[PDB]
Amino acid sequence: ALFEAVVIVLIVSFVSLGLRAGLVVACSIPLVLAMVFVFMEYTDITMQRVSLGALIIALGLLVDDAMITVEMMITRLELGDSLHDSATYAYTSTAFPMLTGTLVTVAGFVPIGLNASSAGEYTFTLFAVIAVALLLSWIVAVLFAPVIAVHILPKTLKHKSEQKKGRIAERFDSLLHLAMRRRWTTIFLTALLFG
Amino acid sequence: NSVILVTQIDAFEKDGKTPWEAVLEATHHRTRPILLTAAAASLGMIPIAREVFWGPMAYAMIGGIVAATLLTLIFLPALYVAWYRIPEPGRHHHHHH
Amino acid sequence: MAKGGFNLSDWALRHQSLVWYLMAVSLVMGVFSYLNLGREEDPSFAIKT
Amino acid sequence: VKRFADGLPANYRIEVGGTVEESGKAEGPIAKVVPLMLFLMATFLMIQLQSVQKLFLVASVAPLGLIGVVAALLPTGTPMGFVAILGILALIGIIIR
Ligand SMILES: CCCCCCCCCCCCO[C@H]1O[C@H](CO)[C@@H](O[C@H]2O[C@H](CO)[C@@H](O)[C@H](O)[C@H]2O)[C@H](O)[C@H]1O
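Chains as they are written, first to last, in my numbering: chain A, 11 to 205; chain B, -19 to 77; chain C, 200 to 248; chain D, 2 to 98.
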């Protein structure tokens, strides 16, 4: 099942960028896996189902952050100059947000890792897994994306969007305009739905 | 995700551009990434969904993720622009900005 | 808030071989450690009785 | 003696009772611990340097130092001391320095 989840995320990144761009990010994913493995080794946290599920969750989140970083990099470099420095500003800008969101998520995970109940045992493993994985993931994303880009990435191009998603964009922009046409209606709908 | 969006919005708004067009460009710029974010979030749990252990939690996760994302796409824009066009609350303090 | 720092990009771009070696050593370390990790059904919660 | 032992029913067994057992037990974790620290100090060196070429260059001097450790030991006929088995590592460190 682990390999299955890995390959589905793989095809996700494949169809996302089309080109073999996010594929290098996928190649970078196993790194954090080995790191958390050695971490468990030092902490003797052996393997079991629970930890595997935690691994799946953590891998999804970390690959999400890494992929969005790579996407914004390639987009900002494609729409403009083709240079590592033509992306250093993107790094300097969107760096802090990644850290913030990641830490916020680890905080949201924390609760399950504090109960003294008999159930807290199974939760302790997944908590440690998620925490270490997410942190090492952020450091990897901010410390490896440069070389991986400077060596396995083409130059810039001209703006263009996949026409298949064109109809989806039409519907999205239209619904956006309509939602702006009557803001109070959206609030009413949200209220009734939540209630 | 919500933090990412608000940061992207107020990011270029520092230039004092048209709030309408500002939020418009913010959405047009964050449309593609948030999609992949929601994908990676919801997915991953699919192959293990067959496992009876991680059962209801998997469905609840994949459901709430899609819901929260859709609203992150439509709800917050209208809400923020509404709160912007006019301050609904009051309670003004004479000794504070 | 981007005050007196932001050297992440440049320093990352620089010291290329350093990051390269760090990545390599980390990878091999995790690889070798994987075999000696340990597999078990599920954590043994402390029974109280 | 091993062959002699082999020439006997399987239900029986022979073992040593000297000091080799204790020596091996003591040096047990050594083998399973020292290489990790070796890679640790290697990376430590790579911090000050920036090329694997210079790394291997200075590393070549490390093993070659085993010349004197034995040249000044064979004529005296002094047995290999455990303390030396330890100090040789310090020798490696200083020569690399
Ligand atoms: C006088 C006051 C002190 C009295 C004696 C205290 C001596 C030093 C403190 C003992 C703490 C034990 O900690 C020690 O455990 C293991 C020893 O096998 C070491 O090694 C451990 O970690 C390594 C990296 O994760 C793994 O490769 C090893 O398999 C693992 O055993 C630890 O890196 C070390 O931290």
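For every residue, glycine included, the Cβ atom is placed at its ideal position computed from N, Cα and C.
- Which of helix, strand or coil DSSP assigns to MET57 (chain A): Taking the first sequence and counting its residues from 1, the one referred to as residue 57 (chain A) is at position 47. Reduced to three states, the DSSP call for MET57 (chain A) is strand.
- Task: Evaluate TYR13 (chain D) with the Cβ neighbour count: other Cβ atoms within 10 Å of its Cβ, from every protein chain shown; 16 or more gives buried, anything less gives exposed.
- Result: Against the fourth sequence, residue 13 (chain D) aligns to sequence position 12. Answer is exposed; the Cβ neighbour count stays below 16.
- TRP34 (chain B): first and last residue of the uninterrupted alpha helix (DSSP H) it sits in: Start at 1 with the first residue of the second sequence, and residue 34 (chain B) comes out as number 54. Here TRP34 (chain B) belongs to no alpha helix (DSSP H), and DSSP marks it neither H nor E.
- Residues in the region 50 to 65 of chain A with C-beta within 7 Å of chain B's C-beta atoms, listed in sequence order? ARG59 and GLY63
- Query: So which residues of chain D does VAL224 (chain C) contact, with C-beta pairs closer than 7 Å?
  - Reply: Translated into the one-based positions of the third sequence, residue 224 (chain C) becomes position 25. Going along chain D in sequence order, the residues near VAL224 (chain C) (Cβ under 7 Å) are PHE40 and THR44.
- For a contact meaning CB atoms closer than 9 Å, what does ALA40 (chain B) contact in chain A? Stepping through the second sequence from its first residue, residue 40 (chain B) is reached at position 60. Going along chain A, no residue has its Cβ under 9 Å from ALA40 (chain B), so there is no contact; the nearest lies around 13 Å.
- Task: Report the rounded CA-to-CA distance for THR56 (chain A) versus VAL46 (chain A), giving the unit in angstroms.
- Result: Counting from 1 along the first sequence, the entry for residue 56 (chain A) is found at position 46. Counting from 1 along the first sequence, the entry for residue 46 (chain A) is found at position 36. Their backbone Cα atoms lie some 11 Å apart in a straight line.
- Hey, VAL150 (chain A) and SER232 (chain C): beta-carbon distance below 7 Å or not? As a first step, residue 150 (chain A) must be located in the first sequence, where it is residue number 140. As a first step, residue 232 (chain C) must be located in the third sequence, where it is residue number 33. The answer is no: Cβ separation not under 7 Å.
- Item | C-alpha gap between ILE18 (chain A) and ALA19 (chain B), whole angstroms | If you number the first sequence from 1, residue 18 (chain A) lands on position 8. If you number the second sequence from 1, residue 19 (chain B) lands on position 39. Using only the alpha carbons, I get a separation of about 11 Å.
- Task: Identify the contact partners of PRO27 (chain B) in chain A, using a Cβ-Cβ distance below 7 Å as the criterion.
- Result: Working through the second sequence from its first residue, we reach residue 27 (chain B) at position 47. The contacting residues are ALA11, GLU14, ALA15 and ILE18.
- Item | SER26 (chain A) beta carbon less than 7 Å from that of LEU53 (chain B) | On the second sequence, residue 53 (chain B) is found 73 positions in, with the first residue counted as 1. On the first sequence, residue 26 (chain A) is found 16 positions in, with the first residue counted as 1. No, the Cβ-Cβ distance between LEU53 (chain B) and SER26 (chain A) is not below 7 Å.
- Message: ligand 1 and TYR52 (chain A): does the residue's C-beta get closer than 6 Å to at least one heavy atom of that ligand?
- Response: Numbered from 1 along the first sequence, position 42 holds the residue referred to as residue 52 (chain A). Correct: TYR52 (chain A) has its Cβ closer than 6 Å to ligand 1.
- Say whether the region 58 to 77 of chain A touches the region 137 to 146 of chain A, bearing in mind that this needs 3 or more beta-carbon pairs closer than 8 Å, one atom from each stretch. yes
- Message: Since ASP75 (chain A) and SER23 (chain A) should fall inside the 8 Å C-beta cutoff, what is the C-beta to C-beta distance between them, to a whole number of angstroms?
- Response: Start at 1 with the first residue of the first sequence, and residue 75 (chain A) comes out as number 65. Start at 1 with the first residue of the first sequence, and residue 23 (chain A) comes out as number 13. Wrong, their Cβ atoms sit about 13 Å apart, outside the cutoff.
- Query: How is the alpha helix (DSSP H) around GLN215 (chain C) delimited, first residue to last?
  - Reply: Start at 1 with the first residue of the third sequence, and residue 215 (chain C) comes out as number 16. Here the alpha helix (DSSP H) through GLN215 (chain C) covers 215 to 234.
- Message: In whole angstroms, give me the CA-to-CA distance for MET108 (chain A) and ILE26 (chain B).
- Response: Counting from one through the first sequence, the residue named residue 108 (chain A) turns up at place 98. Counting from one through the second sequence, the residue named residue 26 (chain B) turns up at place 46. Taking the straight line joining both Cα atoms gives about 26 Å.
- Message: Tell me whether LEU226 (chain C), by its Cβ, gets closer than 6 Å to a heavy atom of ligand 1.
- Response: Position 27 of the third sequence holds residue 226 (chain C). Every heavy atom of ligand 1 is 6 Å or more from the Cβ of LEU226 (chain C), so no.
- Query: Using 8 Å as the threshold, is the region 113 to 125 of chain A in touch with the region 170 to 178 of chain A, meaning 3 or more CB pairs across them?
  - Reply: no
- Spell out a yes or no on whether the region 201 to 214 of chain C and the region 90 to 107 of chain A are touching, meaning 3 or more CB-CB pairs, one atom from each, closer than 8 Å. yes
- Contact list for the region 92 to 107 of chain A against chain B, Cβ threshold 8 Å: Near chain B, meaning a CB-to-CB distance below 8 Å, the residues of the region 92 to 107 of chain A are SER103 and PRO107.
- Sort out for me which residues DSSP pairs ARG238 (chain C) with in a bridge. Here residue 238 (chain C) corresponds to residue number 39 of the third sequence, with the count starting at 1. A:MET57, per the DSSP bridge assignment.
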